[PDB]
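Enquirer: My structure is in query33.cif, and what it holds is mmCIF, C-alpha atoms and all ligand atoms:
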```
data_target
loop_
_atom_site.label_atom_id
_atom_site.label_comp_id
_atom_site.auth_asym_id
_atom_site.auth_seq_id
_atom_site.Cartn_x
_atom_site.Cartn_y
_atom_site.Cartn_z
CA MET A 1 99.62 -124.14 53.97
CA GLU A 2 101.56 -127.43 54.43
CA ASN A 3 100.19 -127.37 58.04
CA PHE A 4 96.63 -128.09 56.70
CA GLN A 5 95.12 -131.30 55.23
CA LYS A 6 91.99 -130.56 53.11
CA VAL A 7 89.04 -132.86 53.92
CA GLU A 8 86.41 -131.60 51.39
CA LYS A 9 85.05 -128.54 49.56
CA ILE A 10 82.37 -126.84 51.74
CA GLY A 11 81.36 -124.36 49.02
CA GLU A 12 82.19 -121.43 46.73
CA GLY A 13 81.76 -118.17 48.65
CA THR A 14 81.73 -114.54 47.38
CA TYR A 15 85.50 -114.01 48.03
CA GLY A 16 86.73 -117.59 47.49
CA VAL A 17 86.32 -121.38 47.88
CA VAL A 18 85.79 -122.74 51.42
CA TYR A 19 87.27 -126.10 52.46
CA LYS A 20 86.91 -128.19 55.61
CA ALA A 21 90.51 -128.94 56.71
CA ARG A 22 92.56 -130.38 59.58
CA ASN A 23 95.37 -128.46 61.28
CA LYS A 24 98.20 -131.13 61.11
CA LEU A 25 99.93 -129.91 64.31
CA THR A 26 96.97 -129.16 66.68
CA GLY A 27 94.48 -131.68 65.20
CA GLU A 28 91.95 -128.77 64.98
CA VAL A 29 89.18 -129.02 62.35
CA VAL A 30 88.73 -125.64 60.61
CA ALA A 31 87.23 -123.93 57.55
CA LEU A 32 89.88 -122.67 55.14
CA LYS A 33 88.96 -119.95 52.62
CA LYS A 34 91.39 -119.25 49.76
CA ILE A 35 90.83 -115.60 48.71
CA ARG A 36 90.60 -115.13 44.94
CA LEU A 37 92.58 -112.07 43.73
CA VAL A 44 97.66 -108.99 47.90
CA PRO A 45 96.78 -105.32 48.82
CA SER A 46 98.21 -103.97 52.13
CA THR A 47 94.90 -102.32 53.18
CA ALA A 48 93.15 -105.73 52.87
CA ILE A 49 95.75 -107.35 55.22
CA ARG A 50 95.35 -104.59 57.90
CA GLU A 51 91.50 -104.61 57.74
CA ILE A 52 91.34 -108.46 57.85
CA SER A 53 93.81 -108.43 60.79
CA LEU A 54 91.44 -106.20 62.80
CA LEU A 55 88.62 -108.75 62.25
CA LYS A 56 90.67 -111.36 64.17
CA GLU A 57 89.98 -109.33 67.39
CA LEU A 58 86.21 -109.30 66.81
CA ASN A 59 84.84 -112.20 68.98
CA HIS A 60 81.22 -112.82 69.88
CA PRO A 61 79.29 -116.13 70.41
CA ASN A 62 77.14 -115.37 67.30
CA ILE A 63 80.09 -114.55 64.99
CA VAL A 64 82.14 -117.29 63.19
CA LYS A 65 85.65 -116.81 64.65
CA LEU A 66 88.39 -115.66 62.22
CA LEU A 67 91.29 -117.73 63.69
CA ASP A 68 94.12 -116.69 61.36
CA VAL A 69 95.20 -114.75 58.30
CA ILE A 70 97.86 -116.53 56.18
CA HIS A 71 99.57 -114.37 53.55
CA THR A 72 101.99 -116.69 51.63
CA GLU A 73 103.29 -116.89 48.00
CA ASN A 74 101.25 -113.75 47.02
CA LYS A 75 98.09 -115.72 48.05
CA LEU A 76 95.71 -115.10 50.96
CA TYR A 77 94.04 -117.78 53.15
CA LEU A 78 91.57 -117.12 55.95
CA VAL A 79 91.36 -119.80 58.70
CA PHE A 80 87.96 -119.91 60.48
CA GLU A 81 86.10 -121.83 63.19
CA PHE A 82 84.18 -124.72 61.58
CA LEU A 83 80.39 -125.42 62.01
CA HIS A 84 78.63 -128.50 60.61
CA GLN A 85 75.68 -127.07 58.69
CA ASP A 86 74.47 -123.84 57.10
CA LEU A 87 70.92 -122.42 57.34
CA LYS A 88 70.30 -123.15 53.62
CA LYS A 89 70.72 -126.95 54.11
CA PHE A 90 68.71 -126.76 57.39
CA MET A 91 65.81 -124.89 55.71
CA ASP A 92 65.88 -127.43 52.82
CA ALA A 93 65.83 -130.37 55.33
CA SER A 94 62.94 -128.69 57.30
CA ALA A 95 60.91 -127.86 54.09
CA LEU A 96 58.19 -130.51 54.71
CA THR A 97 57.33 -129.47 58.30
CA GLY A 98 58.83 -125.99 58.62
CA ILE A 99 61.31 -124.80 61.24
CA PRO A 100 59.34 -124.54 64.54
CA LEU A 101 58.47 -120.89 65.43
CA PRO A 102 60.44 -121.01 68.79
CA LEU A 103 63.58 -122.04 66.80
CA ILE A 104 63.12 -119.34 64.09
CA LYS A 105 62.70 -116.84 67.00
CA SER A 106 65.87 -118.08 68.81
CA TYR A 107 67.87 -117.94 65.55
CA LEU A 108 66.60 -114.41 64.72
CA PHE A 109 67.40 -113.23 68.29
CA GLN A 110 70.94 -114.67 68.18
CA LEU A 111 71.64 -113.23 64.69
CA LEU A 112 70.47 -109.77 65.94
CA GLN A 113 72.90 -110.11 68.90
CA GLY A 114 75.68 -110.84 66.36
CA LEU A 115 74.73 -107.87 64.15
CA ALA A 116 74.39 -105.56 67.20
CA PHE A 117 77.93 -106.54 68.23
CA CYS A 118 79.53 -106.02 64.77
CA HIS A 119 77.56 -102.80 64.17
CA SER A 120 78.76 -101.42 67.59
CA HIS A 121 82.34 -101.86 66.21
CA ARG A 122 81.37 -100.18 62.88
CA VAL A 123 81.76 -103.55 61.06
CA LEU A 124 79.12 -104.39 58.41
CA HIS A 125 78.47 -107.66 56.60
CA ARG A 126 76.82 -106.39 53.33
CA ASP A 127 76.26 -109.92 51.96
CA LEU A 128 74.14 -111.84 54.52
CA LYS A 129 72.43 -114.94 53.11
CA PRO A 130 71.41 -118.42 54.36
CA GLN A 131 74.71 -119.88 53.07
CA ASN A 132 76.74 -117.73 55.50
CA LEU A 133 74.63 -118.42 58.62
CA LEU A 134 76.02 -121.51 60.34
CA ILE A 135 74.40 -123.72 62.97
CA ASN A 136 75.61 -126.31 65.50
CA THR A 137 74.02 -129.09 67.62
CA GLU A 138 73.68 -126.81 70.71
CA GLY A 139 71.07 -124.53 69.11
CA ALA A 140 73.53 -121.73 68.25
CA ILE A 141 73.59 -119.83 64.99
CA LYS A 142 76.58 -117.72 63.87
CA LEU A 143 77.22 -115.17 61.10
CA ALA A 144 80.22 -115.88 58.82
CA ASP A 145 82.16 -113.35 56.66
CA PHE A 146 81.45 -110.11 58.52
CA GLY A 147 83.74 -107.31 57.34
CA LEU A 148 85.12 -109.16 54.26
CA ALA A 149 83.18 -106.98 51.78
CA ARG A 150 84.80 -103.74 53.07
CA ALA A 151 88.28 -105.34 53.44
CA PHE A 152 88.31 -106.73 49.84
CA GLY A 153 85.97 -104.38 47.96
CA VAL A 154 84.45 -105.53 44.60
CA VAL A 164 75.71 -113.87 42.53
CA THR A 165 72.51 -113.94 44.70
CA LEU A 166 70.63 -110.63 44.83
CA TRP A 167 67.71 -111.91 46.98
CA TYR A 168 68.85 -110.29 50.24
CA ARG A 169 70.18 -106.96 48.84
CA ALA A 170 68.83 -103.76 50.50
CA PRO A 171 66.98 -101.34 48.13
CA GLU A 172 69.52 -98.53 48.79
CA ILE A 173 72.29 -100.75 47.33
CA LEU A 174 70.09 -101.60 44.30
CA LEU A 175 69.36 -97.85 43.82
CA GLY A 176 73.09 -97.06 43.73
CA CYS A 177 73.81 -95.64 47.21
CA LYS A 178 77.60 -95.71 47.56
CA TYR A 179 77.70 -94.94 51.31
CA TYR A 180 75.41 -97.56 52.80
CA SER A 181 75.04 -98.26 56.50
CA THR A 182 74.50 -101.01 59.04
CA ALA A 183 70.79 -100.92 57.91
CA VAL A 184 71.72 -103.08 54.88
CA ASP A 185 72.26 -106.08 57.21
CA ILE A 186 68.93 -105.55 58.98
CA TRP A 187 67.22 -105.66 55.53
CA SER A 188 69.01 -108.95 54.60
CA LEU A 189 68.16 -110.47 57.98
CA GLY A 190 64.47 -109.43 57.58
CA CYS A 191 64.44 -111.24 54.21
CA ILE A 192 65.94 -114.39 55.85
CA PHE A 193 63.42 -114.21 58.76
CA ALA A 194 60.51 -114.14 56.18
CA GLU A 195 62.08 -117.11 54.30
CA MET A 196 62.37 -119.22 57.52
CA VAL A 197 58.66 -118.51 58.30
CA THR A 198 57.15 -119.09 54.82
CA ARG A 199 59.66 -121.69 53.47
CA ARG A 200 60.12 -119.61 50.30
CA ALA A 201 62.47 -116.74 49.43
CA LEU A 202 60.73 -113.35 49.99
CA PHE A 203 62.24 -111.54 46.96
CA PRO A 204 63.85 -114.09 44.57
CA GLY A 205 65.08 -111.67 41.88
CA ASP A 206 67.21 -112.87 38.99
CA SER A 207 68.51 -109.48 37.81
CA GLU A 208 69.03 -106.14 39.59
CA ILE A 209 65.80 -104.69 38.11
CA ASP A 210 63.74 -107.83 38.77
CA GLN A 211 65.03 -107.73 42.38
CA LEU A 212 64.05 -104.07 42.73
CA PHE A 213 60.63 -104.58 41.09
CA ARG A 214 59.86 -107.67 43.26
CA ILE A 215 60.51 -105.43 46.32
CA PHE A 216 58.28 -102.69 44.86
CA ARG A 217 55.43 -105.10 44.03
CA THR A 218 55.30 -106.21 47.68
CA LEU A 219 56.16 -103.10 49.69
CA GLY A 220 54.92 -100.48 47.17
CA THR A 221 57.04 -98.32 44.84
CA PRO A 222 58.92 -95.95 47.20
CA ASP A 223 58.32 -92.22 46.93
CA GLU A 224 59.41 -89.01 48.65
CA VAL A 225 56.74 -89.50 51.34
CA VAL A 226 58.00 -92.89 52.65
CA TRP A 227 61.67 -92.33 51.72
CA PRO A 228 62.84 -88.67 51.57
CA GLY A 229 65.59 -88.36 48.98
CA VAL A 230 64.70 -91.61 47.12
CA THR A 231 63.96 -89.81 43.81
CA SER A 232 67.48 -88.29 43.74
CA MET A 233 69.26 -91.67 44.15
CA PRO A 234 71.81 -92.60 41.44
CA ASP A 235 69.80 -95.39 39.82
CA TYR A 236 66.32 -94.12 40.59
CA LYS A 237 64.22 -93.64 37.41
CA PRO A 238 60.96 -91.57 37.40
CA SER A 239 59.82 -94.21 34.81
CA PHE A 240 59.69 -96.97 37.51
CA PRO A 241 56.10 -98.38 37.56
CA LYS A 242 54.03 -97.34 40.58
CA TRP A 243 52.81 -100.42 42.50
CA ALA A 244 50.57 -100.33 45.61
CA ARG A 245 51.90 -101.78 48.89
CA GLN A 246 50.63 -105.25 50.16
CA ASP A 247 49.58 -106.25 53.74
CA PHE A 248 52.16 -108.25 55.72
CA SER A 249 49.30 -110.65 56.61
CA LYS A 250 49.45 -111.75 52.90
CA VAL A 251 53.31 -111.61 52.82
CA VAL A 252 54.31 -113.82 55.76
CA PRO A 253 51.28 -115.95 56.88
CA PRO A 254 50.89 -117.44 59.54
CA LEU A 255 53.35 -115.16 61.42
CA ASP A 256 51.64 -113.40 64.38
CA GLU A 257 51.22 -109.62 64.83
CA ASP A 258 54.48 -109.27 66.85
CA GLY A 259 56.52 -110.99 64.12
CA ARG A 260 54.84 -109.02 61.29
CA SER A 261 55.38 -105.72 63.18
CA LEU A 262 59.10 -106.53 63.69
CA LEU A 263 59.50 -107.61 60.08
CA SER A 264 57.84 -104.42 58.80
CA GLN A 265 60.41 -102.42 60.84
CA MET A 266 63.34 -104.45 59.40
CA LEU A 267 61.97 -103.79 55.86
CA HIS A 268 61.44 -100.00 56.02
CA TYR A 269 62.64 -98.38 52.79
CA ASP A 270 64.39 -95.43 54.42
CA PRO A 271 67.66 -96.81 55.94
CA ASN A 272 67.23 -94.17 58.70
CA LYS A 273 63.74 -95.41 59.66
CA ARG A 274 64.80 -99.12 59.48
CA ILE A 275 65.10 -100.65 62.98
CA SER A 276 68.62 -101.10 64.41
CA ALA A 277 69.78 -104.57 65.69
CA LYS A 278 69.88 -103.19 69.30
CA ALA A 279 66.28 -101.78 69.10
CA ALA A 280 65.05 -105.02 67.38
CA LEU A 281 66.37 -107.08 70.36
CA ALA A 282 63.89 -105.07 72.56
CA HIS A 283 60.88 -105.75 70.29
CA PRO A 284 57.84 -107.44 71.98
CA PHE A 285 58.32 -110.41 69.54
CA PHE A 286 61.21 -111.57 71.77
CA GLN A 287 59.22 -111.46 75.05
CA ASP A 288 58.99 -115.33 75.09
CA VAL A 289 62.34 -116.16 73.33
CA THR A 290 64.01 -119.47 74.34
CA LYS A 291 66.93 -121.53 73.00
CA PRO A 292 65.59 -124.84 71.57
CA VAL A 293 67.82 -127.73 70.32
CA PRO A 294 67.39 -128.34 66.54
CA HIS A 295 67.27 -131.88 65.19
CA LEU A 296 70.39 -131.91 63.01
CA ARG A 297 71.22 -134.77 60.71
CA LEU A 298 74.98 -134.57 59.99
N1 LIG B 301 75.80 -127.13 53.07
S1 LIG B 301 76.38 -127.75 54.45
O1 LIG B 301 75.28 -127.71 55.44
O2 LIG B 301 76.84 -129.16 54.29
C1 LIG B 301 77.66 -126.76 55.11
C2 LIG B 301 78.46 -127.31 56.11
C3 LIG B 301 79.46 -126.53 56.69
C4 LIG B 301 79.69 -125.23 56.24
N2 LIG B 301 80.64 -124.47 56.86
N3 LIG B 301 81.03 -123.37 56.40
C5 LIG B 301 81.94 -122.60 57.04
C6 LIG B 301 82.51 -122.91 58.28
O3 LIG B 301 82.32 -123.96 58.92
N4 LIG B 301 83.20 -121.86 58.73
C7 LIG B 301 83.14 -120.88 57.80
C8 LIG B 301 83.72 -119.59 57.79
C9 LIG B 301 83.49 -118.70 56.72
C10 LIG B 301 82.68 -119.12 55.66
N5 LIG B 301 82.23 -118.51 54.55
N6 LIG B 301 81.50 -119.31 53.93
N7 LIG B 301 81.34 -120.40 54.54
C11 LIG B 301 82.05 -120.37 55.69
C12 LIG B 301 82.33 -121.29 56.73
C13 LIG B 301 78.86 -124.67 55.25
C14 LIG B 301 77.85 -125.45 54.67
#
```
Could you rewrite the structure in this file as structure tokens?
Ligand SMILES: NS(=O)(=O)c1ccc(N/N=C2\C(=O)Nc3ccc4[nH]nnc4c32)cc1
Expert:
Amino acid sequence: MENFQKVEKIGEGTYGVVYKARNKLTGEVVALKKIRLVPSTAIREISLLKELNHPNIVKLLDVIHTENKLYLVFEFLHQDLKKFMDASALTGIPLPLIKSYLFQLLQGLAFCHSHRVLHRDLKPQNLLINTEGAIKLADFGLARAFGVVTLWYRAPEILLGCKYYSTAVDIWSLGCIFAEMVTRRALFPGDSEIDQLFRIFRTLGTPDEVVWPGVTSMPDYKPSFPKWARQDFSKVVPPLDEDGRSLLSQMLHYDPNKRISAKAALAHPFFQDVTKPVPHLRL
């Protein structure tokens, strides 16, 4: 760690504090994450993530295991989607830019999912943007490598106690983020696990055996859950057009098996006119 000069704290992530730092020998500017606790399985799993490169994935440059402490060295980007959405709150992110960002994030998910790597904790704070119009997902695979607080983007199967969740959890989180970019407000801002679950039910309807076979047998499912009627997406994400609402509805299906995959979502008619605009970034 003597090879790195810390510039400033970037933030406090799920698995540790992130710092902007300079590599003293190469002059490289990086993001350094100090993992808060090292287990041998975690080292091997993290080491496999170093081989996982894609233009829409934040590069894991190095794993440093020293003095019983673990540091992850990553590619640095200048802004996260949270700060960008806050800066764009008065005017809204232009629809062509939301579409480009959604398309790129789906390419990133499709890539990780093809390698059986899941994120599990997607949120605006771990989506990073640059001046070229790119957006990249940070922290893929860390949840599985380390094991085990914003609940807003959590898939209903996780909230209902499914232990063996799938790649569909990331599609759910990304659907939530897509809605938030469009409306400029969080879709499901729950402040407890039950409030998160009930906010989902009040919008999409309380799930039942018809829409989600096996739901009633889930570990945390209670027959005493109130039964709310589903709402129209036209009320949920105005002024998003029919193509966007159709795609979003597929990303927010209750049954993880019915939920659209990243690969199938890339083929959705919503992306027929996708482009790559340049955002106005104030750094
Ligand atoms: N709020 S803000 O716009 O001023 C702002 C600016 C830069 C950053 N960068 N973050 C990270 C980075 O560059 N690489 C990684 C890799 C893994 C991570 N996990 N969590 N974060 C990261 C980051 C985040 C927020």
Enquirer: At a cut-off of 7 Å and counting all atoms listed in the file, what residues surround ligand LIG 301 (chain B)? Please answer as number ranges by chain.
Expert: A: 10-11, 13, 18, 30-31, 33, 64, 80-86, 88-90, 131-132, 134, 144-145
Enquirer: Give me the residues near segment 36-44 of chain A as a ChimeraX atom specification, where near means some atom within 10 Å (using all atoms listed in the file) and where sequence neighbours in that chain fewer than 5 positions away do not count.
Expert: /A:14-17,49,71-77,152
Enquirer: Atom CA of residue 123 of chain A to atom CA of residue 272 of chain A: how many Å, to one decimal?
Expert: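 These atoms are spaced 17.5 Å apart.
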Enquirer: Using all atoms listed in the file, find the one residue out of A:87, A:212, A:104, A:282 that sits nearest to residue 235 of chain A.
Expert: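 The shortest atom-to-atom distance to residue 235 of chain A comes from A:212.
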Enquirer: Contacts of segment 195-202 of chain A at 9 Å or less, counting only C-alpha atoms, minus same-chain residues fewer than 4 places along, as a list in words?
Expert: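 Using only C-alpha atoms, the neighbours found are residues 91, 92, 94, 95, 98, 99, 100, 101, 104, 167, 168, 190, 191, 214, 215, 251, 252, 253, 254 and 255 of chain A.
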Enquirer: Leaving out residue 149 of chain A and any residue of its chain fewer than 6 positions from it, which residues lie within 8 Å of it when counting all atoms listed in the file, given as a PyMOL selection string?
Expert: chain A and resi 125-127
Enquirer: When distances are computed from only C-alpha atoms, which of A:124, A:281, A:111, A:29 shows the smallest separation from residue 55 of chain A?
Expert: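 Of A:124, A:281, A:111, A:29, the one nearest residue 55 of chain A is A:124, counting only C-alpha atoms.
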Enquirer: Pick the closest to residue 295 of chain A from A:102, A:46, A:24, A:137: which is it, counting only C-alpha atoms?
Expert: A:137
Enquirer: Which of these, A:147, A:171, A:139, A:27, has the shortest distance to residue 122 of chain A once you count only C-alpha atoms?
Expert: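 Between A:147, A:171, A:139, A:27, the residue approaching residue 122 of chain A most closely is A:147.
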Enquirer: Using all atoms listed in the file, which protein or nucleic acid residues come within 12 Å of residue 278 of chain A? Drop anything in the same chain fewer than 5 positions from it, and give the result as a PDB file with C-alpha atoms, keeping the file's coordinate frame.
Expert:
```pdb
ATOM      1  CA  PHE A 109      67.400-113.230  68.290  1.00  0.00           C
ATOM      2  CA  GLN A 110      70.940-114.670  68.180  1.00  0.00           C
ATOM      3  CA  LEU A 111      71.640-113.230  64.690  1.00  0.00           C
ATOM      4  CA  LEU A 112      70.470-109.770  65.940  1.00  0.00           C
ATOM      5  CA  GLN A 113      72.900-110.110  68.900  1.00  0.00           C
ATOM      6  CA  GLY A 114      75.680-110.840  66.360  1.00  0.00           C
ATOM      7  CA  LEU A 115      74.730-107.870  64.150  1.00  0.00           C
ATOM      8  CA  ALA A 116      74.390-105.560  67.200  1.00  0.00           C
ATOM      9  CA  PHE A 117      77.930-106.540  68.230  1.00  0.00           C
ATOM     10  CA  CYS A 118      79.530-106.020  64.770  1.00  0.00           C
ATOM     11  CA  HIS A 119      77.560-102.800  64.170  1.00  0.00           C
ATOM     12  CA  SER A 120      78.760-101.420  67.590  1.00  0.00           C
ATOM     13  CA  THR A 182      74.500-101.010  59.040  1.00  0.00           C
ATOM     14  CA  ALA A 183      70.790-100.920  57.910  1.00  0.00           C
ATOM     15  CA  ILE A 186      68.930-105.550  58.980  1.00  0.00           C
ATOM     16  CA  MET A 266      63.340-104.450  59.400  1.00  0.00           C
ATOM     17  CA  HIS A 283      60.880-105.750  70.290  1.00  0.00           C
TER      18      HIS A 283
END
```
Enquirer: As an exercise, work out the distance from atom CA of residue 244 of chain A to atom CA of residue 105 of chain A in Å and give it to one decimal place.
Expert: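 Those two atoms sit 29.6 Å apart.
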Enquirer: Find the distance between atom CA of residue 250 of chain A and atom CA of residue 265 of chain A and write it in Å to one decimal.
Expert: 16.4 Å
Enquirer: Would you compute an axis-aligned box for segment 10-14 of chain A, covering every atom listed for it in the file with 4 Å of margin on each side, and report centre and edge lengths in Å to one decimal as JSON?
Expert:
```
{"center_x": 81.9, "center_y": -120.7, "center_z": 49.2, "size_x": 9.0, "size_y": 20.3, "size_z": 13.0}
```
Enquirer: Need the shell around residue 258 of chain A: protein/DNA/RNA residues with any atom at most 9 Å away, counting only C-alpha atoms. Skip same-chain ones fewer than 5 positions apart. Format as a ChimeraX atom specification?
Expert: /A:263,283-286
Enquirer: Measuring atom to atom with only C-alpha atoms, identify which of A:270, A:78, A:264, A:280 is nearest to residue 248 of chain A.
Expert: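 Ranked by minimum distance to residue 248 of chain A, first place goes to A:264.
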Enquirer: Choose the residue, out of A:23, A:106, A:249, A:53, that has the smallest atom-to-atom separation from residue 151 of chain A; count all atoms listed in the file.
Expert: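 Among A:23, A:106, A:249, A:53, it is A:53 that comes nearest to residue 151 of chain A.
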